[PDB]
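Shown below, as structure tokens, is a lone chain in the form solved without the partner chain; questions about how it binds or moves come after it.
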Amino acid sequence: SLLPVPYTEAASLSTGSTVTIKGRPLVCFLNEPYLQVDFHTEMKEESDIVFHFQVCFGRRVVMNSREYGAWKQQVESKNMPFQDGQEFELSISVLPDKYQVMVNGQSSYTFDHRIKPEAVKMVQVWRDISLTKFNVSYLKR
């Protein structure tokens, strides 16, 4: 819809930053659509990924990092706040120790920093969703 997908935006993150994504799955949960949010170290898509967040709607969520071209230890969660056929609001806060992910205002996942958030230069949002809003909070120093 509003924003093109894959959506790529240059970005800078530090403690206190928040990334807000508003969108909607393209198909019903029965068909297992995915949503993926990757925080990259460079503007190119083949670059390293500081924080990989992949949702298989209705099934599970996978988080990881890709360092020096290699995927590290995957963390898997079965927590599923997303609602079939509904628009969702996803907020990723950068805390000192980890990323906190809220879905529709509810804390749902956390991921301890493996690489400093300051290494992030780009965020890519893709897979089976329509994207209506993308915002990174640049109020803090």
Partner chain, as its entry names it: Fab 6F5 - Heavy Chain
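Numbering follows the first chain given and starts at 1.
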- [ ] Name the higher of the two by mean Cα B-factor in the PDB entry, 116 to 124 versus 8 to 16.
- [x] 8 to 16
- [ ] Name the higher of the two by mean Cα B-factor in the PDB entry, 68 to 76 versus 31 to 39.
- [x] 68 to 76
Task: Residue, from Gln54, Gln83, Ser108, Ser47, that the PDB entry assigns the highest Cα B-factor - done: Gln83
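Only in words, not in the display: the form solved in complex with the partner chain, which the text now covers.
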- [ ] Answer for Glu42 alone: is it within 4.5 Å of the partner chain in the bound PDB entry, judged on heavy atom distances?
- [x] yes
Task: Interface membership of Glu87, the partner chain in the bound PDB entry, 4.5 Å heavy atom rule - done: no
Task: Members of 62 to 97 lying within 4.5 angstroms of the partner chain, judged by heavy atom, in the bound PDB entry - done: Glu67, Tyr68, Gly69, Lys72
